[PDB]
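Below is one structure; the comments refer to it alone.
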Amino acid sequence: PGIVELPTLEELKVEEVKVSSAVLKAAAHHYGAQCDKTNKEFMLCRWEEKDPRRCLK
Amino acid sequence: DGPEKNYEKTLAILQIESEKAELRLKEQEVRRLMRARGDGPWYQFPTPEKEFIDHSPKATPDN
């Protein structure tokens, strides 16, 4: 009965990494130390709030 | 002994059996209501156990 809300295309238009998987596995251990605060905030929101639509930013 | 004994003993027996009738019919209507709607202690049929659910953090968020 209730409509689903969804974000628009421009609420997802984002500058992407465009970077492969070995380039990324190599720098994993440094990306886990630097850029950990934002990543862990995103994780806490994504698991505390069970909605993707509530964490795009 | 006399007539008073028989008379009043009969009265006692009569109140006993009248009360028993009252309670039997009451029990019938009680069971009827309890089974038609599970508001009461009886005819509460079992449901799945609540304490064996895992509430911990999962592997995915949208568990």
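Every residue, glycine among them, receives a Cβ derived from its backbone with ideal geometry; neighbour counts consider all protein chains shown. Where a number appears in this text, it was derived from the coordinates with a stated rule and is not lab data.
If I go through segment B:26-63 residue by residue, how many of them are within 14 Å of chain A (Cβ to nearest Cβ) and of a type in the set (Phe, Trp, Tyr)?
Pass one, segment B:26-63, residues within 14 Å of chain A (Cβ to nearest Cβ): B:55-63.
From what's left, of a type in the set (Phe, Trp, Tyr): none.
Selection size over segment B:26-63: 0.
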For segment B:31-45, pairs from a residue that is in a helix (DSSP H, G or I) to a residue that is surrounded by fewer than 13 Cβ atoms within 10 Å (Cβ to Cβ), with Cβ under 8 Å and 6 or more apart or across chains, are B:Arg31/B:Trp42; B:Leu33/B:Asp39; B:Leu33/B:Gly40; B:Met34/B:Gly40; B:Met34/B:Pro41; B:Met34/B:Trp42; B:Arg35/B:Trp42
Any residue in segment A:12-25 that is among the small types (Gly, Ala, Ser) sitting within a Cβ distance under 7 Å of a residue that is loosely packed, with under 10 Cβ neighbours inside 10 Å? List the pairs, counting only those 6 or more apart or interchain. none
Which numbered condition B:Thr10 misses (of (1) polar (S, T, N, Q); (2) farther than 30 Å from A:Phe42 by Cβ; (3) within 14 Å of chain A (Cβ to nearest Cβ)): (3)
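Give the residues of segment A:32-57 that are over 14 Å from the mean Cα position of the chain (by Cα) and not charged (D, E, K, R), sorted by residue number.
Keep residues of segment A:32-57 that are over 14 Å from the mean Cα position of the chain (by Cα), which gives A:32-34, A:48.
Within segment A:32-57, A:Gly32, A:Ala33, A:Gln34 qualify.
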Exception for B:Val30 within (1) surrounded by 10 or more Cβ atoms within 10 Å (Cβ to Cβ); (2) more than 14 Å from the chain's Cα centre (by Cα); (3) hydrophobic (A, V, I, L, M, F, W, C) falls at (2)
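B:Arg24 - would you say it is surrounded by 10 or more Cβ atoms within 10 Å (Cβ to Cβ) and either in contact with a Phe, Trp or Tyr (Cβ under 6 Å, 6 or more places away or on another chain) or not β-branched (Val, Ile, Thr) (or both)? Spell out the reasoning first.
Numbers: surrounded by 10 or more Cβ atoms within 10 Å (Cβ to Cβ): no; either in contact with a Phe, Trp or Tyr (Cβ under 6 Å, 6 or more places away or on another chain) or not β-branched (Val, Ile, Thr) (or both): yes.
Against the criterion (surrounded by 10 or more Cβ atoms within 10 Å (Cβ to Cβ) and either in contact with a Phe, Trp or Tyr (Cβ under 6 Å, 6 or more places away or on another chain) or not β-branched (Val, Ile, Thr) (or both)), B:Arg24 does not qualify.
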